[PDB]
Amino acid sequence: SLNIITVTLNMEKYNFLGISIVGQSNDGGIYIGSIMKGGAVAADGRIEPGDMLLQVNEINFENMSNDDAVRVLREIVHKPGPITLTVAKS
Ligand SMILES: Cc1ccc(S(=O)(=O)Nc2ccc(F)cc2C(=O)O)cc1C
């Protein structure tokens, strides 16, 4: 049963999300492997390890390689403005 949540993070006080992403669509997809204390995601508290990362700032992370996902996340985090993550709960 579908369990989708959208998390908009104010990145005024945070310099990184503090997430590690594992796996990719072979369909499966890209998962939150771990969440690092000190990051925006940990502070917000809603996203948990095992959540599937679907979308960041209107970019579809479905059918995206792990390498590509890391590079896109880096580009987004290195630019100003709030970051909107949409995940499927485990
Ligand atoms: C410790 C640290 C800090 C910042 C970054 S980032 O600016 O390149 N952004 C990310 C990129 C990929 C990713 F899976 C997570 C992040 C993040 O902001 O936590 C990456 C990492 C590994």
# chains A, B, ... in the order shown; residues from 1 in each chain; ligands from 1
$ residues_around --residues "stretch 9-21 of chain A" --least-positions-apart "2" --cutoff "9 Å" --atoms "only C-alpha atoms" --output "VMD selection string"
chain A and resid 7 23 30 to 42 44 49 53 66 69 to 70 74 77 to 78 80 to 85
$ residues_around --residues "residue A:63" --least-positions-apart "2" --cutoff "8 Å" --atoms "only C-alpha atoms" --output "ChimeraX atom specification"
/A:24-25,29,60-61,65
$ closest_residue --among "A:88, A:79, A:1, A:26" --to "residue A:46" --atoms "only C-alpha atoms"
A:88
$ select_by_dssp --residues "stretch 5-60 of chain A" --states "strand (DSSP E or B)" --output "count of residues only"
21
$ closest_residue --among "A:22, A:86, A:58, A:28" --to "ligand 1" --atoms "only C-alpha atoms and all ligand atoms"
A:22
$ closest_residue --among "A:59, A:52, A:76, A:64" --to "residue A:5" --atoms "only C-alpha atoms"
A:52
$ select_by_dssp --residues "chain A" --states "helix (DSSP H, G or I)" --output "PyMOL selection string"
chain A and resi 40-44+66-77
$ atom_distance --atom1 "atom CA of residue A:71" --atom2 "atom CA of residue A:50"
20.5 Å
$ closest_residue --among "A:27, A:51, A:67, A:62" --to "ligand 1" --atoms "only C-alpha atoms and all ligand atoms"
A:67
$ closest_residue --among "A:75, A:2, A:43, A:87" --to "residue A:55" --atoms "only C-alpha atoms"
A:87
$ decode --residues "stretch 36-49 of chain A" --atoms "N, CA and C atoms" --output "compact mmCIF listing (two decimals), in the first residue's frame"
# COMPACT_ATOMS: atom_id res chain seq x y z
N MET A 36 22.85 10.80 9.05
CA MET A 36 23.95 11.32 9.90
C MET A 36 23.42 12.48 10.76
N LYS A 37 23.56 12.37 12.08
CA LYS A 37 23.28 13.47 13.04
C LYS A 37 24.14 14.69 12.67
N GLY A 38 23.52 15.87 12.63
CA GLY A 38 24.16 17.14 12.22
C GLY A 38 23.63 17.64 10.89
N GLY A 39 23.03 16.74 10.10
CA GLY A 39 22.43 17.05 8.79
C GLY A 39 20.99 17.53 8.93
N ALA A 40 20.43 18.10 7.87
CA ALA A 40 19.06 18.67 7.83
C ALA A 40 18.02 17.56 8.01
N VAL A 41 18.27 16.39 7.42
CA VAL A 41 17.28 15.26 7.37
C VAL A 41 17.08 14.71 8.79
N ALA A 42 18.17 14.51 9.53
CA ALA A 42 18.16 14.02 10.93
C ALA A 42 17.33 14.97 11.80
N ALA A 43 17.56 16.28 11.67
CA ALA A 43 16.92 17.35 12.48
C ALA A 43 15.41 17.35 12.23
N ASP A 44 14.99 17.13 10.97
CA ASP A 44 13.57 17.14 10.54
C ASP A 44 12.86 15.90 11.11
N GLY A 45 13.46 14.72 10.93
CA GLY A 45 13.15 13.51 11.71
C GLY A 45 12.18 12.58 10.99
N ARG A 46 11.60 13.03 9.87
CA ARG A 46 10.48 12.34 9.19
C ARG A 46 11.02 11.21 8.30
N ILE A 47 12.11 11.46 7.58
CA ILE A 47 12.77 10.46 6.69
C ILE A 47 13.59 9.50 7.56
N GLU A 48 13.48 8.20 7.28
CA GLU A 48 14.10 7.11 8.08
C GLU A 48 14.91 6.21 7.16
N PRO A 49 15.95 5.52 7.68
CA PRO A 49 16.64 4.49 6.92
C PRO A 49 15.65 3.45 6.36
